[PDB]
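Shown next: start.json, containing JSON, C-alpha atoms.
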[["chain", "number", "residue", "atom", "x", "y", "z"],
["I", 1, "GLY", "CA", -26.50, 33.02, -46.58],
["I", 2, "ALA", "CA", -23.20, 32.85, -44.71],
["I", 3, "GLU", "CA", -21.60, 30.54, -47.29],
["I", 4, "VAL", "CA", -21.27, 33.21, -50.00],
["I", 5, "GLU", "CA", -19.86, 35.84, -47.65],
["I", 6, "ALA", "CA", -17.25, 33.46, -46.24],
["I", 7, "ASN", "CA", -15.93, 32.53, -49.69],
["I", 8, "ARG", "CA", -15.92, 36.15, -50.88],
["I", 9, "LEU", "CA", -14.08, 37.38, -47.79],
["I", 10, "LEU", "CA", -11.35, 34.73, -48.06],
["I", 11, "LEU", "CA", -10.65, 35.51, -51.72],
["I", 12, "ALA", "CA", -10.53, 39.21, -50.82],
["I", 13, "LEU", "CA", -8.61, 39.37, -47.51],
["I", 14, "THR", "CA", -5.84, 37.19, -49.05],
["I", 15, "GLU", "CA", -5.14, 38.50, -52.56],
["I", 16, "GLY", "CA", -1.98, 37.62, -54.44],
["I", 17, "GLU", "CA", -0.95, 35.26, -51.63],
["I", 18, "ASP", "CA", -2.71, 32.21, -53.09],
["I", 19, "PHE", "CA", 0.07, 29.65, -52.80],
["I", 20, "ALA", "CA", -0.71, 26.36, -54.53],
["I", 21, "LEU", "CA", -0.63, 23.06, -52.64],
["I", 22, "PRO", "CA", 0.78, 19.84, -54.13],
["I", 23, "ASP", "CA", -1.63, 17.72, -56.17],
["I", 24, "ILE", "CA", 0.04, 14.31, -56.51],
["I", 25, "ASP", "CA", -2.48, 11.50, -57.00],
["I", 26, "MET", "CA", -1.42, 9.01, -54.31],
["I", 27, "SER", "CA", -4.05, 6.44, -55.24],
["I", 28, "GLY", "CA", -2.29, 4.06, -57.63],
["I", 29, "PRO", "CA", -0.58, 0.70, -57.04],
["I", 30, "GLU", "CA", 2.89, 2.31, -56.84],
["I", 31, "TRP", "CA", 2.16, 4.08, -53.52],
["I", 32, "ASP", "CA", 1.95, 0.78, -51.62],
["I", 33, "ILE", "CA", 4.74, -1.61, -50.70],
["I", 34, "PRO", "CA", 6.45, -2.46, -54.02],
["I", 35, "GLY", "CA", 5.14, -5.66, -55.57],
["I", 36, "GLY", "CA", 1.74, -5.28, -53.92],
["I", 37, "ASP", "CA", 0.31, -8.11, -51.82],
["I", 38, "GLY", "CA", 2.74, -10.53, -53.49],
["I", 39, "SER", "CA", 6.01, -8.85, -52.49],
["I", 40, "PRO", "CA", 8.85, -11.10, -51.23],
["I", 41, "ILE", "CA", 8.30, -9.59, -47.79],
["I", 42, "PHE", "CA", 5.43, -12.06, -47.18],
["I", 43, "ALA", "CA", 7.72, -15.10, -47.12],
["I", 44, "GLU", "CA", 8.16, -17.54, -44.24],
["I", 45, "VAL", "CA", 11.47, -17.00, -42.45],
["I", 46, "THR", "CA", 12.27, -20.39, -40.91],
["I", 47, "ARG", "CA", 14.25, -20.83, -37.72],
["I", 48, "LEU", "CA", 17.97, -20.93, -38.45],
["I", 49, "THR", "CA", 19.15, -24.37, -37.38],
["I", 50, "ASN", "CA", 22.50, -26.15, -37.74],
["I", 51, "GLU", "CA", 21.24, -27.90, -40.89],
["I", 52, "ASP", "CA", 21.67, -24.63, -42.80],
["I", 53, "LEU", "CA", 25.46, -24.49, -42.39],
["I", 54, "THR", "CA", 26.08, -28.07, -43.53],
["I", 55, "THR", "CA", 23.67, -30.92, -44.21],
["I", 56, "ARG", "CA", 26.39, -33.47, -43.31],
["I", 57, "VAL", "CA", 26.53, -34.67, -46.93],
["I", 58, "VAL", "CA", 28.65, -33.66, -49.91],
["I", 59, "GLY", "CA", 26.78, -31.43, -52.33],
["I", 60, "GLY", "CA", 24.06, -30.69, -49.80],
["I", 61, "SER", "CA", 21.64, -27.79, -49.37],
["I", 62, "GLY", "CA", 23.65, -25.79, -46.84],
["I", 63, "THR", "CA", 26.09, -22.91, -47.17],
["I", 64, "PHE", "CA", 29.26, -24.80, -46.22],
["I", 65, "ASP", "CA", 28.31, -27.52, -48.71],
["I", 66, "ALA", "CA", 27.49, -25.01, -51.45],
["I", 67, "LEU", "CA", 30.78, -23.13, -51.08],
["I", 68, "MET", "CA", 32.80, -26.35, -50.66],
["I", 69, "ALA", "CA", 31.06, -27.96, -53.66],
["I", 70, "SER", "CA", 31.51, -24.83, -55.79],
["I", 71, "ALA", "CA", 35.24, -24.52, -55.15],
["I", 72, "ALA", "CA", 35.64, -28.16, -56.16],
["I", 73, "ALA", "CA", 33.46, -27.48, -59.21],
["I", 74, "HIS", "CA", 35.80, -24.57, -60.01],
["I", 75, "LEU", "CA", 38.99, -26.65, -59.68],
["I", 76, "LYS", "CA", 37.63, -29.66, -61.58],
["I", 77, "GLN", "CA", 37.41, -27.34, -64.59],
["I", 78, "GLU", "CA", 41.22, -27.49, -64.63],
["I", 79, "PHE", "CA", 41.70, -31.15, -63.64],
["I", 80, "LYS", "CA", 39.41, -32.26, -66.47],
["I", 81, "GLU", "CA", 41.36, -30.10, -68.96],
["I", 82, "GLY", "CA", 44.89, -31.11, -67.99],
["I", 83, "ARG", "CA", 47.06, -28.41, -66.42],
["I", 84, "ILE", "CA", 47.05, -30.37, -63.13],
["I", 85, "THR", "CA", 47.30, -34.04, -62.19],
["I", 86, "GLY", "CA", 44.80, -35.75, -59.91],
["I", 87, "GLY", "CA", 47.02, -35.39, -56.85],
["I", 88, "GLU", "CA", 47.43, -31.63, -57.17],
["I", 89, "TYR", "CA", 43.68, -31.07, -57.58],
["I", 90, "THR", "CA", 42.80, -32.98, -54.40],
["I", 91, "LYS", "CA", 45.44, -31.14, -52.37],
["I", 92, "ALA", "CA", 43.96, -27.81, -53.46],
["I", 93, "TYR", "CA", 40.46, -29.06, -52.63],
["I", 94, "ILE", "CA", 41.48, -30.23, -49.15],
["I", 95, "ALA", "CA", 43.23, -26.94, -48.26],
["I", 96, "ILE", "CA", 40.01, -25.03, -49.02],
["I", 97, "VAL", "CA", 37.89, -26.48, -46.18],
["I", 98, "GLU", "CA", 39.26, -23.91, -43.73],
["I", 99, "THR", "CA", 38.36, -21.04, -46.05],
["I", 100, "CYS", "CA", 34.91, -22.33, -47.02],
["I", 101, "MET", "CA", 33.89, -23.09, -43.44],
["I", 102, "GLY", "CA", 35.03, -19.65, -42.31],
["I", 103, "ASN", "CA", 33.23, -17.86, -45.13],
["I", 104, "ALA", "CA", 30.07, -19.97, -44.87],
["I", 105, "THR", "CA", 29.47, -18.90, -41.27],
["I", 106, "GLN", "CA", 30.10, -15.26, -42.21],
["I", 107, "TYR", "CA", 27.54, -15.50, -45.02],
["I", 108, "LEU", "CA", 24.94, -17.46, -43.06],
["I", 109, "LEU", "CA", 24.96, -15.06, -40.09],
["I", 110, "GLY", "CA", 24.28, -12.03, -42.24],
["I", 111, "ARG", "CA", 22.50, -13.38, -45.31],
["I", 112, "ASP", "CA", 19.02, -12.79, -43.87],
["I", 113, "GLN", "CA", 19.87, -9.51, -42.14],
["I", 114, "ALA", "CA", 21.33, -8.06, -45.35],
["I", 115, "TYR", "CA", 18.05, -8.77, -47.15],
["I", 116, "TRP", "CA", 15.65, -7.11, -44.71],
["I", 117, "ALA", "CA", 17.95, -4.08, -44.58],
["I", 118, "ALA", "CA", 17.39, -3.97, -48.36],
["I", 119, "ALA", "CA", 13.67, -4.73, -47.96],
["I", 120, "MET", "CA", 12.66, -2.50, -45.04],
["I", 121, "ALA", "CA", 14.57, 0.26, -46.84],
["I", 122, "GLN", "CA", 12.51, -0.03, -50.02],
["I", 123, "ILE", "CA", 9.39, 0.55, -47.92],
["I", 124, "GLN", "CA", 11.19, 3.41, -46.17],
["I", 125, "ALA", "CA", 11.93, 4.68, -49.68],
["I", 126, "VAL", "CA", 8.39, 4.56, -51.10],
["I", 127, "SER", "CA", 7.05, 6.31, -47.98],
["I", 128, "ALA", "CA", 9.78, 8.90, -48.49],
["I", 129, "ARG", "CA", 8.03, 9.81, -51.74],
["I", 130, "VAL", "CA", 4.89, 10.27, -49.66],
["I", 131, "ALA", "CA", 6.93, 12.18, -47.07],
["I", 132, "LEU", "CA", 8.20, 14.41, -49.89],
["I", 133, "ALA", "CA", 4.69, 15.47, -50.92],
["I", 134, "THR", "CA", 4.01, 16.46, -47.31],
["I", 135, "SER", "CA", 7.20, 18.55, -47.27],
["I", 136, "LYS", "CA", 5.75, 20.30, -50.34],
["I", 137, "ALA", "CA", 2.53, 20.82, -48.36],
["I", 138, "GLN", "CA", 4.10, 22.04, -45.11],
["I", 139, "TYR", "CA", 6.14, 24.51, -47.17],
["I", 140, "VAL", "CA", 3.02, 26.57, -47.88],
["I", 141, "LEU", "CA", 1.98, 26.01, -44.26],
["I", 142, "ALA", "CA", 5.24, 27.62, -43.16],
["I", 143, "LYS", "CA", 4.69, 30.38, -45.72],
["I", 144, "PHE", "CA", 1.22, 31.07, -44.33],
["I", 145, "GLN", "CA", 2.62, 30.89, -40.79],
["I", 146, "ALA", "CA", 4.92, 33.78, -41.75],
["I", 147, "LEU", "CA", 2.04, 35.93, -43.03],
["I", 148, "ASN", "CA", 0.12, 34.86, -39.91],
["I", 149, "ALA", "CA", 2.83, 36.45, -37.74],
["I", 150, "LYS", "CA", 2.87, 39.68, -39.72],
["I", 151, "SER", "CA", -0.86, 40.02, -39.04],
["I", 152, "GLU", "CA", -0.23, 39.43, -35.34],
["I", 153, "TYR", "CA", 2.49, 42.08, -35.54],
["I", 154, "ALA", "CA", -0.10, 44.54, -36.86],
["I", 155, "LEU", "CA", -2.69, 43.38, -34.33],
["I", 156, "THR", "CA", -0.29, 43.91, -31.43],
["I", 157, "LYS", "CA", 0.74, 47.29, -32.85],
["I", 158, "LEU", "CA", -2.95, 48.23, -33.08],
["I", 159, "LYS", "CA", -3.37, 47.15, -29.44],
["I", 160, "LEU", "CA", -0.83, 49.74, -28.27],
["I", 161, "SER", "CA", -3.19, 52.55, -29.28],
["I", 162, "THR", "CA", -6.11, 50.86, -27.51],
["I", 163, "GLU", "CA", -4.14, 50.71, -24.26],
["I", 164, "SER", "CA", -3.13, 54.35, -24.78],
["I", 165, "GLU", "CA", -6.79, 55.42, -24.71],
["V", 1, "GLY", "CA", 24.21, -16.04, -33.68],
["V", 2, "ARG", "CA", 22.01, -18.66, -35.31],
["V", 3, "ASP", "CA", 18.95, -17.76, -33.25],
["V", 4, "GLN", "CA", 19.58, -14.01, -33.24],
["V", 5, "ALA", "CA", 19.93, -13.94, -37.04],
["V", 6, "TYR", "CA", 16.49, -15.56, -37.37],
["V", 7, "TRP", "CA", 14.50, -13.18, -35.16],
["V", 8, "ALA", "CA", 16.17, -10.24, -36.89],
["V", 9, "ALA", "CA", 14.70, -11.76, -40.07],
["V", 10, "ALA", "CA", 11.39, -12.53, -38.32],
["V", 11, "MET", "CA", 10.73, -9.35, -36.32],
["V", 12, "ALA", "CA", 11.61, -7.48, -39.53],
["V", 13, "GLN", "CA", 8.92, -9.21, -41.59],
["V", 14, "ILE", "CA", 6.36, -8.01, -39.05],
["V", 15, "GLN", "CA", 7.98, -4.57, -39.15],
["V", 16, "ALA", "CA", 7.59, -4.84, -42.92],
["V", 17, "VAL", "CA", 3.90, -5.78, -43.07],
["V", 18, "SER", "CA", 3.06, -2.98, -40.61],
["V", 19, "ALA", "CA", 5.07, -0.66, -42.87],
["V", 20, "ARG", "CA", 2.44, -1.32, -45.54],
["V", 21, "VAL", "CA", -0.13, -0.23, -42.96],
["V", 22, "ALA", "CA", 2.10, 2.72, -42.04],
["V", 23, "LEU", "CA", 2.22, 3.63, -45.74],
["V", 24, "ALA", "CA", -1.56, 3.93, -46.00],
["V", 25, "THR", "CA", -1.51, 6.30, -43.02],
["V", 26, "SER", "CA", 1.16, 8.41, -44.74],
["V", 27, "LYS", "CA", -1.29, 8.62, -47.66],
["V", 28, "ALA", "CA", -3.97, 9.71, -45.17],
["V", 29, "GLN", "CA", -1.91, 12.28, -43.26],
["V", 30, "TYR", "CA", -0.92, 13.78, -46.62],
["V", 31, "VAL", "CA", -4.44, 15.15, -47.10],
["V", 32, "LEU", "CA", -4.44, 16.09, -43.42],
["V", 33, "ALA", "CA", -1.36, 18.22, -44.03],
["V", 34, "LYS", "CA", -3.01, 19.61, -47.17],
["V", 35, "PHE", "CA", -6.11, 20.59, -45.19],
["V", 36, "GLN", "CA", -3.87, 22.01, -42.45],
["V", 37, "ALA", "CA", -2.44, 24.37, -45.08],
["V", 38, "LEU", "CA", -5.88, 25.59, -46.16],
["V", 39, "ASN", "CA", -6.77, 25.81, -42.45],
["V", 40, "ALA", "CA", -3.94, 28.33, -41.97],
["V", 41, "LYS", "CA", -4.97, 30.43, -44.96],
["V", 42, "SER", "CA", -8.42, 30.78, -43.39],
["V", 43, "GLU", "CA", -6.82, 31.84, -40.11],
["V", 44, "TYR", "CA", -4.75, 34.34, -42.11],
["V", 45, "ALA", "CA", -7.99, 35.83, -43.44],
["V", 46, "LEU", "CA", -9.63, 35.68, -40.01],
["V", 47, "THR", "CA", -6.73, 37.53, -38.39],
["V", 48, "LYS", "CA", -6.71, 40.06, -41.24],
["V", 49, "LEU", "CA", -10.45, 40.58, -40.70],
["V", 50, "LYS", "CA", -9.77, 41.10, -36.99],
["V", 51, "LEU", "CA", -7.53, 44.10, -37.71],
["V", 52, "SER", "CA", -10.54, 46.07, -38.96],
["V", 53, "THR", "CA", -12.59, 45.09, -35.90],
["V", 54, "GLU", "CA", -9.89, 46.45, -33.60],
["V", 55, "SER", "CA", -9.72, 49.59, -35.74],
["V", 56, "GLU", "CA", -13.37, 50.35, -35.01],
["C", 1, "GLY", "CA", -16.98, 46.56, -45.30],
["C", 2, "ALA", "CA", -14.40, 45.09, -42.93],
["C", 3, "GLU", "CA", -12.27, 43.70, -45.77],
["C", 4, "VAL", "CA", -10.98, 47.09, -46.94],
["C", 5, "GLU", "CA", -10.15, 48.32, -43.44],
["C", 6, "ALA", "CA", -8.24, 45.15, -42.56],
["C", 7, "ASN", "CA", -6.02, 45.39, -45.65],
["C", 8, "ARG", "CA", -5.42, 49.12, -45.17],
["C", 9, "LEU", "CA", -4.51, 48.72, -41.50],
["C", 10, "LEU", "CA", -2.00, 45.93, -42.18],
["C", 11, "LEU", "CA", -0.19, 47.91, -44.89],
["C", 12, "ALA", "CA", -0.11, 50.89, -42.52],
["C", 13, "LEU", "CA", 0.75, 49.41, -39.09],
["C", 14, "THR", "CA", 3.70, 47.53, -40.67],
["C", 15, "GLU", "CA", 5.50, 49.94, -43.01],
["C", 16, "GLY", "CA", 9.01, 49.28, -44.26],
["C", 17, "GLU", "CA", 9.00, 45.88, -42.54],
["C", 18, "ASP", "CA", 7.56, 44.00, -45.53],
["C", 19, "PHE", "CA", 9.95, 41.07, -45.68],
["C", 20, "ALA", "CA", 9.51, 38.89, -48.75],
["C", 21, "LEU", "CA", 8.81, 35.17, -48.47],
["C", 22, "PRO", "CA", 10.38, 32.57, -50.78],
["C", 23, "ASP", "CA", 8.55, 31.87, -54.04],
["C", 24, "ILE", "CA", 10.02, 28.61, -55.36],
["C", 25, "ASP", "CA", 7.58, 26.71, -57.59],
["C", 26, "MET", "CA", 7.63, 23.23, -56.02],
["C", 27, "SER", "CA", 5.24, 21.74, -58.56],
["C", 28, "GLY", "CA", 7.47, 20.18, -61.21],
["C", 29, "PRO", "CA", 8.70, 16.61, -61.69],
["C", 30, "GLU", "CA", 12.05, 17.36, -59.99],
["C", 31, "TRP", "CA", 10.49, 17.82, -56.53],
["C", 32, "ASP", "CA", 9.50, 14.14, -56.30],
["C", 33, "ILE", "CA", 11.74, 11.11, -55.81],
["C", 34, "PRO", "CA", 14.30, 11.31, -58.66],
["C", 35, "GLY", "CA", 13.30, 9.25, -61.68],
["C", 36, "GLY", "CA", 9.60, 9.57, -60.90],
["C", 37, "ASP", "CA", 7.42, 6.47, -60.61],
["C", 38, "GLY", "CA", 10.08, 4.47, -62.49],
["C", 39, "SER", "CA", 13.00, 5.01, -60.11],
["C", 40, "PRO", "CA", 15.18, 1.98, -59.27],
["C", 41, "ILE", "CA", 13.74, 2.12, -55.75],
["C", 42, "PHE", "CA", 10.67, 0.17, -56.96],
["C", 43, "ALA", "CA", 12.63, -3.02, -57.63],
["C", 44, "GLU", "CA", 12.03, -6.41, -56.03],
["C", 45, "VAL", "CA", 14.69, -7.22, -53.42],
["C", 46, "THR", "CA", 14.77, -11.02, -53.31],
["C", 47, "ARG", "CA", 15.67, -13.01, -50.21],
["C", 48, "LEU", "CA", 19.43, -13.48, -49.99],
["C", 49, "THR", "CA", 20.01, -17.23, -50.21],
["C", 50, "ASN", "CA", 23.19, -19.31, -50.45],
["C", 51, "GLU", "CA", 22.81, -19.46, -54.25],
["C", 52, "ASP", "CA", 24.00, -15.84, -54.44],
["C", 53, "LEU", "CA", 27.50, -16.56, -53.10],
["Y", 1, "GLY", "CA", 27.15, -5.12, -48.03],
["Y", 2, "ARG", "CA", 26.28, -4.84, -51.71],
["Y", 3, "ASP", "CA", 22.57, -4.23, -51.06],
["Y", 4, "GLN", "CA", 23.08, -2.08, -47.96],
["Y", 5, "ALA", "CA", 25.53, 0.20, -49.80],
["Y", 6, "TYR", "CA", 22.89, 0.84, -52.48],
["Y", 7, "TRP", "CA", 19.99, 1.85, -50.23],
["Y", 8, "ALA", "CA", 22.34, 4.12, -48.28],
["Y", 9, "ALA", "CA", 22.94, 5.77, -51.67],
["Y", 10, "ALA", "CA", 19.22, 5.61, -52.55],
["Y", 11, "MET", "CA", 17.54, 6.69, -49.31],
["Y", 12, "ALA", "CA", 20.07, 9.53, -49.26],
["Y", 13, "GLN", "CA", 19.04, 10.87, -52.67],
["Y", 14, "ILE", "CA", 15.48, 11.16, -51.35],
["Y", 15, "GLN", "CA", 16.86, 12.74, -48.18],
["Y", 16, "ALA", "CA", 18.69, 15.11, -50.53],
["Y", 17, "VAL", "CA", 15.74, 16.19, -52.69],
["Y", 18, "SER", "CA", 13.64, 16.82, -49.56],
["Y", 19, "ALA", "CA", 16.57, 18.86, -48.24],
["Y", 20, "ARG", "CA", 15.93, 21.25, -51.13],
["Y", 21, "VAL", "CA", 12.34, 21.44, -49.88],
["Y", 22, "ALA", "CA", 13.64, 21.81, -46.32],
["Y", 23, "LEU", "CA", 15.84, 24.68, -47.54],
["Y", 24, "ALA", "CA", 12.87, 26.66, -48.86],
["Y", 25, "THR", "CA", 11.21, 26.30, -45.45],
["Y", 26, "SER", "CA", 14.38, 27.60, -43.76],
["Y", 27, "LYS", "CA", 14.03, 30.63, -46.05],
["Y", 28, "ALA", "CA", 10.40, 30.92, -44.89],
["Y", 29, "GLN", "CA", 11.01, 30.49, -41.16],
["Y", 30, "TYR", "CA", 13.72, 33.15, -41.43],
["Y", 31, "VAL", "CA", 11.10, 35.86, -41.94],
["Y", 32, "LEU", "CA", 9.00, 34.15, -39.27],
["Y", 33, "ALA", "CA", 11.88, 34.58, -36.83],
["Y", 34, "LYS", "CA", 12.30, 38.17, -38.05],
["Y", 35, "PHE", "CA", 8.62, 38.89, -37.39],
["Y", 36, "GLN", "CA", 8.90, 37.12, -34.03],
["Y", 37, "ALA", "CA", 11.56, 39.68, -33.10],
["Y", 38, "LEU", "CA", 9.34, 42.64, -34.01],
["Y", 39, "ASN", "CA", 6.51, 40.83, -32.20],
["Y", 40, "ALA", "CA", 8.55, 40.94, -28.98],
["Y", 41, "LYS", "CA", 9.39, 44.62, -29.35],
["Y", 42, "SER", "CA", 5.66, 45.35, -29.52],
["Y", 43, "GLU", "CA", 5.11, 43.27, -26.37],
["Y", 44, "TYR", "CA", 7.94, 45.26, -24.78],
["Y", 45, "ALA", "CA", 6.03, 48.46, -25.53],
["Y", 46, "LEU", "CA", 2.73, 46.91, -24.43],
["Y", 47, "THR", "CA", 4.19, 45.84, -21.09],
["Y", 48, "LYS", "CA", 5.82, 49.25, -20.67],
["Y", 49, "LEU", "CA", 2.43, 50.87, -21.37],
["Y", 50, "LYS", "CA", 0.88, 48.57, -18.74],
["Y", 51, "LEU", "CA", 3.12, 50.00, -16.01],
["Y", 52, "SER", "CA", 1.35, 53.36, -16.29],
["Y", 53, "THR", "CA", -2.07, 51.68, -16.17],
["Y", 54, "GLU", "CA", -1.16, 49.95, -12.91],
["Y", 55, "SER", "CA", 0.19, 53.25, -11.59],
["Y", 56, "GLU", "CA", -3.24, 54.87, -11.97]]

For this file, write the structure as structure tokens.
Amino acid sequence: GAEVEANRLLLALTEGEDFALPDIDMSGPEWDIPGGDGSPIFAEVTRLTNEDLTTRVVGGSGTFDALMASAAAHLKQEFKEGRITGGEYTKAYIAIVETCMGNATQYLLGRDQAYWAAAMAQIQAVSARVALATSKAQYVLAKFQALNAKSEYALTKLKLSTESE
Amino acid sequence: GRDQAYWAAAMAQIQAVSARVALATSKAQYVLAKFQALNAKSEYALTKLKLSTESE
Amino acid sequence: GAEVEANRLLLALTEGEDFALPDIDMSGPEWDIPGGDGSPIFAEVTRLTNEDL
Amino acid sequence: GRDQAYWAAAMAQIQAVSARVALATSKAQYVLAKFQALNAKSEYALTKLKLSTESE
């Protein structure tokens, strides 16, 4: 029976130096990509065409339209409550097209990229929790690798006498 | 910049599904690292048991 | 009995040079991602659309 | 830049807790380097004792 002797020897040649390994149960639904198989990562990114800047219609489904129809919806809050005549409101609305068009392009080219950088980082943040358990498991491996060099120090020192004979 | 901003949001979705695959592997190399720690304790004992052999 | 001889030899071939290893107990709840399984990392980042500007 | 400035402050906290773990290892490889210096002095003696063997 070699099984019994092997276990007995291990618990006797290494006494006191029984360092405990991590025991985190990485088998739940929180150790996968957050949200599971329904996370917003599995969407369908459509090809960015020129119908996403402006749909060529006022109050459209683009970014230029949205910004240009939200500034007008933020100035009409004054015009419909006094504080400005009709002429002043329109002049303000017209002088915004340069700003909205400039800021719509900045948002469009960068809206998608700023999401994946906040989506591929969540995954690279859950796997960091996994990569933290390993760092708590290589810590004992490094500790054993230090006591595995002290033994080799003794073994080499015991080989000097053998070569002397 | 229209086309380039789409592929950066398309080649990242693929690099986000394969991250789910790469997360299962990180849950499978975790036990591999755990076993590699108990595989160094055994070698510690084996080397310590080799000191006596060289003594004889 | 090879066990006794191995231990005796090690504590005799290396005398004085017994350098101590670290002994930090990395088994609490502070050695994981801060906040545990409820950290703000497990949110749901939604696709940035033009309704966020 | 709102989202990106959060993950850079969230994936750095994780890379700051694991630095505490990576600091314990640096306190455990320090003795490993110390033993690796006394493991080269022994090899110095062993090689010096092998000169006499080749002389005979």

*Counting all atoms listed in the file, chain C residues within 8 Å of chain I, as number ranges by chain*: C: 3, 6-7, 9-10, 13-14, 21-22, 26-27, 31-33, 37, 41-51, 53

*Enter the distance from CA of residue 10 (chain V) to CA of residue 47 (chain I), in Å, rounded to one decimal.*
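One can read the CA of residue 10 (chain V) to CA of residue 47 (chain I) distance as 8.8 Å.
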
*Pull out every residue of chain V that has at least one atom within 7 Å of chain I, counting only C-alpha atoms, and report them as a count of residues only.*
28

_For a test of reading the model, state the distance in Å between CA of residue 49 (chain V) and CA of residue 5 (chain I), rounded to one decimal._
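Computing the Euclidean distance for CA of residue 49 (chain V) and CA of residue 5 (chain I) yields 12.6 Å.
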
*asked:* I need the contact residues of chain Y against chain C, so if you could list those with any atom within 7 Å, counting only C-alpha atoms, and return them as a PyMOL selection string, that would help.
replied: chain Y and resi 14+17+24+27-28+31

Would you mind exporting region 15-31 of chain C with N, CA and C atoms, as a PDB file, in the first residue's frame?
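The result, stored in decode36.pdb:
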ATOM      1  N   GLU C  15      22.377  26.346   8.873  1.00  0.00           N
ATOM      2  CA  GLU C  15      22.260  26.885  10.219  1.00  0.00           C
ATOM      3  C   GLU C  15      22.545  28.379  10.201  1.00  0.00           C
ATOM      4  N   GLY C  16      21.699  29.143  10.884  1.00  0.00           N
ATOM      5  CA  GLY C  16      21.834  30.584  10.896  1.00  0.00           C
ATOM      6  C   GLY C  16      21.145  31.245   9.722  1.00  0.00           C
ATOM      7  N   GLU C  17      21.160  30.581   8.573  1.00  0.00           N
ATOM      8  CA  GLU C  17      20.518  31.094   7.362  1.00  0.00           C
ATOM      9  C   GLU C  17      19.080  30.606   7.246  1.00  0.00           C
ATOM     10  N   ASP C  18      18.296  30.779   8.303  1.00  0.00           N
ATOM     11  CA  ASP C  18      16.865  30.474   8.264  1.00  0.00           C
ATOM     12  C   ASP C  18      16.089  31.783   8.107  1.00  0.00           C
ATOM     13  N   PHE C  19      15.984  32.227   6.857  1.00  0.00           N
ATOM     14  CA  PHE C  19      15.249  33.448   6.557  1.00  0.00           C
ATOM     15  C   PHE C  19      13.749  33.182   6.563  1.00  0.00           C
ATOM     16  N   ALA C  20      13.006  34.064   7.225  1.00  0.00           N
ATOM     17  CA  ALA C  20      11.574  33.873   7.386  1.00  0.00           C
ATOM     18  C   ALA C  20      10.808  34.388   6.174  1.00  0.00           C
ATOM     19  N   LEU C  21       9.822  33.612   5.755  1.00  0.00           N
ATOM     20  CA  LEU C  21       8.923  33.959   4.669  1.00  0.00           C
ATOM     21  C   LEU C  21       7.773  34.805   5.187  1.00  0.00           C
ATOM     22  N   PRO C  22       7.108  35.566   4.310  1.00  0.00           N
ATOM     23  CA  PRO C  22       5.934  36.333   4.749  1.00  0.00           C
ATOM     24  C   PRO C  22       4.800  35.429   5.200  1.00  0.00           C
ATOM     25  N   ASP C  23       3.936  35.938   6.086  1.00  0.00           N
ATOM     26  CA  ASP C  23       2.856  35.122   6.630  1.00  0.00           C
ATOM     27  C   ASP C  23       1.517  35.853   6.617  1.00  0.00           C
ATOM     28  N   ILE C  24       1.265  36.669   5.595  1.00  0.00           N
ATOM     29  CA  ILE C  24       0.015  37.414   5.525  1.00  0.00           C
ATOM     30  C   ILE C  24      -1.129  36.459   5.216  1.00  0.00           C
ATOM     31  N   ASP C  25      -2.228  36.601   5.952  1.00  0.00           N
ATOM     32  CA  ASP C  25      -3.399  35.739   5.799  1.00  0.00           C
ATOM     33  C   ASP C  25      -4.285  36.327   4.710  1.00  0.00           C
ATOM     34  N   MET C  26      -4.069  35.879   3.473  1.00  0.00           N
ATOM     35  CA  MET C  26      -4.850  36.343   2.327  1.00  0.00           C
ATOM     36  C   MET C  26      -6.095  35.471   2.137  1.00  0.00           C
ATOM     37  N   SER C  27      -6.957  35.479   3.157  1.00  0.00           N
ATOM     38  CA  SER C  27      -8.162  34.660   3.110  1.00  0.00           C
ATOM     39  C   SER C  27      -9.394  35.400   3.621  1.00  0.00           C
ATOM     40  N   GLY C  28      -9.338  36.722   3.729  1.00  0.00           N
ATOM     41  CA  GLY C  28     -10.475  37.490   4.172  1.00  0.00           C
ATOM     42  C   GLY C  28     -11.281  38.023   3.006  1.00  0.00           C
ATOM     43  N   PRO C  29     -12.256  38.883   3.293  1.00  0.00           N
ATOM     44  CA  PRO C  29     -13.045  39.519   2.224  1.00  0.00           C
ATOM     45  C   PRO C  29     -12.409  40.762   1.620  1.00  0.00           C
ATOM     46  N   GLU C  30     -11.270  41.211   2.140  1.00  0.00           N
ATOM     47  CA  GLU C  30     -10.582  42.386   1.626  1.00  0.00           C
ATOM     48  C   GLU C  30      -9.540  42.047   0.569  1.00  0.00           C
ATOM     49  N   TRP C  31      -9.315  40.763   0.289  1.00  0.00           N
ATOM     50  CA  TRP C  31      -8.368  40.341  -0.736  1.00  0.00           C
ATOM     51  C   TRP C  31      -9.054  40.031  -2.060  1.00  0.00           C
TER      52      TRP C  31
END
